[PDB]
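I have placed the structure first, in the form of structure tokens, so that the comments after it can refer back to it.
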Amino acid sequence: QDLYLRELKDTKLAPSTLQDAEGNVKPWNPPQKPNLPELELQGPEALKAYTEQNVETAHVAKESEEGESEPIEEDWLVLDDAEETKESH
Amino acid sequence: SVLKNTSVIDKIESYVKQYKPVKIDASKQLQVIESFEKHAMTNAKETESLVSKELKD
Numbered sequence: 004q005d006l007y008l009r010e011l012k013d014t015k016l017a018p019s020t021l022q023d024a025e026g027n028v029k030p031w032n033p034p035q036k037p038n039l040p041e042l043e044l045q046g047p048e049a050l051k052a053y054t055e056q057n058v059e060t061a062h063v064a065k066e067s068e069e070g071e072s073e074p075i076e077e078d079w080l081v082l083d084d085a086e087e088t089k090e091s092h
Numbered sequence: 060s061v062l063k064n065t066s067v068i069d070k071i072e073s074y075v076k077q078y079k080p081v082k083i084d085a086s087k088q089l090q091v092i093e094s095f096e097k098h099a100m101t102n103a104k105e106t107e108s109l110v111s112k113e114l115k116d
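Line by line, the protein sequences are chains 6 and 7. Using the entry's author numbering, you'd call the opening residue of the first sequence number 4 and step up by one each time. Using the entry's author numbering, you'd call the opening residue of the second sequence number 60 and step up by one each time.
If you want it as structure tokens, here you go:
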């Protein structure tokens with residue numbers, strides 16, 4: 004019937020020059036051709052963390068440290084504290 | 060396949076590809092730990108000997 008061609012041309016003309024083909028906008032004044040791929044390119048970027056999580060910053064954290072090559076000094080300190088703890092046993 | 064207009068999957072793929080070697084693992088527990096352990100067995104054998112002879116006495 005009339006609708007069988009009218010609505011198909013309606014949904015094949017305006018959507019054609021609305022997106023996918025990505026050129027011009029006939030039905031309504033605001034264009035989404037430069038809105039969804041350009042202005043909304045930073046949309047999720049604004050929603051998410053930018054320059055930290057989107058770029059996955061290669062934060063090279065300081066490597067795990069140690070006793071800094073502590074000499075026998077800490078050894079006899081441990082000896083002394085163990086001795087004074089065990090003296091009252 | 061989920062994303063159609065990705066424009067970012069290649070960038071993140073490359074970023075992870077270049078990130079897996081984060082840095083060299085330390086694995087250097089051989090400068091104060093080793094000295095502590097050496098003293099450990101030395102005076103531990105000393106204490107074992109002294110407690111043994113005390114038990115015999």
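Ideal Cβ positions, reconstructed from N, Cα and C, are used throughout, including at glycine.
#1: Select from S67 (chain 6), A85 (chain 6), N57 (chain 6) the residue whose C-alpha is nearest the C-alpha of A85 (chain 7).
#2: Using 8 Å as the limit for Cβ to Cβ distance, is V61 (chain 7) near chain 6?
#3: Under 8 Å, Cβ to Cβ, is there at least one residue of chain 7 near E10 (chain 6)?
#4: What residues from the stretch 32–44 of chain 6 come within 8 Å of chain 7, judged by C-beta to C-beta, listed N to C?
#5: Can you tell which of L6 (chain 6), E73 (chain 6), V58 (chain 6), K12 (chain 6) has the C-alpha that lies nearest to the C-alpha of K70 (chain 7)?
#6: In its own chain, which residues sit with a C-beta less than 7 Å from the C-beta of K51 (chain 6), not counting the 5 before and 5 after it?
This is what the structure gives:
#1: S67 (chain 6)
#2: no
#3: no
#4: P40, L44
#5: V58 (chain 6)
#6: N57
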